[PDB]
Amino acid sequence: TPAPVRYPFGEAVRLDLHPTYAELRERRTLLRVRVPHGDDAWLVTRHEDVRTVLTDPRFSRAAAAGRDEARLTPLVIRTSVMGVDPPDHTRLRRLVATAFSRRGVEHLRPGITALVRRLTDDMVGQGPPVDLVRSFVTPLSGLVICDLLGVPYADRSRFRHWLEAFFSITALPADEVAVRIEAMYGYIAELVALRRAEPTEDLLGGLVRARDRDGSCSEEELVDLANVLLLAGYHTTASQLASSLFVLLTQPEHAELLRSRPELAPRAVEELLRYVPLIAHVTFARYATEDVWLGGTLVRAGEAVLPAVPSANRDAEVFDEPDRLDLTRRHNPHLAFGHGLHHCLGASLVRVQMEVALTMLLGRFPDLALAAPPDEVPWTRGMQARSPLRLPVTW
């Protein structure tokens, strides 16, 4: 075995990718790395290779629960359906599959559309400058997931504080991480109790009824599933949208192109998903459960692999001019939502929020531009998903 290389190669800076990813793809080899916590791993950088570790059955995500799992976070996160194999993965995802399907999410489009109008109504009447993150991005994805899930949006003052700790690499000490995480699990348990004697017409109410009258999940499985859905809808989506807004505001000829032809929006959303490196470094580790050869390496049973999804999304053997934003690309087999068995449950929900938000924003503010130099936009530091912390704009 090679002497392991330090990983992360460095701090993730704005939306730039480290040069080592490009070199690794060309070499066609995995890199033995030593990560901030847990086992050593293999880093996987090519598209065809990230596809394999994400969904090949010889690579297990449940096996990582029985290990000191190779990770960037000080504490192992319970990842609900993202951390299990079949048959447990089937049984749990069955319980949420229909509400997140494309036809299911389409029934929310009038409400998201109505919400985006309310939010931009307010920008129009307040006048520039506006922090686009505070006045648009966080309300939108916050209110959409809170209404769908049942979580009180008015409770964001208390639970938004604990949300950060599930994403923290270096931003929080391990003790503060354990305190917030347990505070978050108590708060979800609060809401679940509320549904036992007052049922609700929302996703959380459906999940308690599936536990209480079908016994399809344990009580902790219910709480983990509720937490992951709130993390991904409140934080991961607002990070991608703010990042996508940064790209369009600093590459404004592409903004103007999307604005002048708003029917590109479905292609522009997929391309903004491919091009934006949302994942700061890597997604969740897999452990091989038998010997697997790939990237010049026989990965042995018991060994960890780390999929570098943003690097796969720049792979020159799948995407023409991969490092150039092409909002018109027609076929776009990106891995920004994962691949295969654990492909992102909220995929359609994110698409519809992004198409609607980008269309109205560009439409209602044809002269929209940043109100500060792109280099002085501040960025989240030491977190698992990249995002601007403020997006000052004018029009």
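The numbering used is simple: start at 1 and walk along the sequence shown.
Asker: So, looking at the entry's B-factor column for Cα atoms, which has the higher mean, 17-25 or 378-386?
Answerer: Averaged over C-alpha atoms, the B-factors run higher in 378-386.
Asker: Of the two stretches 173-181 and 131-139, which shows the higher Cα B-factor on average in the entry?
Answerer: It is 173-181.
Asker: Name the one of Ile112, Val305, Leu230, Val76 with the greatest CA B-factor according to the PDB entry.
Answerer: Of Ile112, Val305, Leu230, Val76, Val76 has the highest C-alpha B-factor.
Asker: Could you say which of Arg160, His281, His89, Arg118 has its CA atom at the highest B factor, as listed in the PDB entry?
Answerer: Most elevated C-alpha B-factor of the set, per the entry: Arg160.
Asker: Select lowest, middle or highest to describe the third in which the CA B-factor of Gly150 falls within its chain in this entry.
Answerer: Tercile = highest for this residue's CA B-factor.
Asker: Taking the values exactly as deposited, rank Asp56 by C-alpha B-factor within its chain and report the matching third: lowest, middle or highest.
Answerer: Its C-alpha B-factor belongs to the middle third of this chain's values.
Asker: Would you mind checking where the Cα B-factor of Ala97 ranks among the modelled residues of its chain, as the lowest, middle or highest third?
Answerer: Its C-alpha B-factor belongs to the middle third of this chain's values.
Asker: Going by the entry, which third of its chain does the Cα temperature factor of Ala189 land in?
Answerer: Ranked within chain, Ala189 CA B lands in the highest tercile.
Asker: Which third of the chain holds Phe166 when residues are ordered by C-alpha B factor: lowest, middle or highest?
Answerer: For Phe166, the deposited C-alpha B-factor lands in the highest third.
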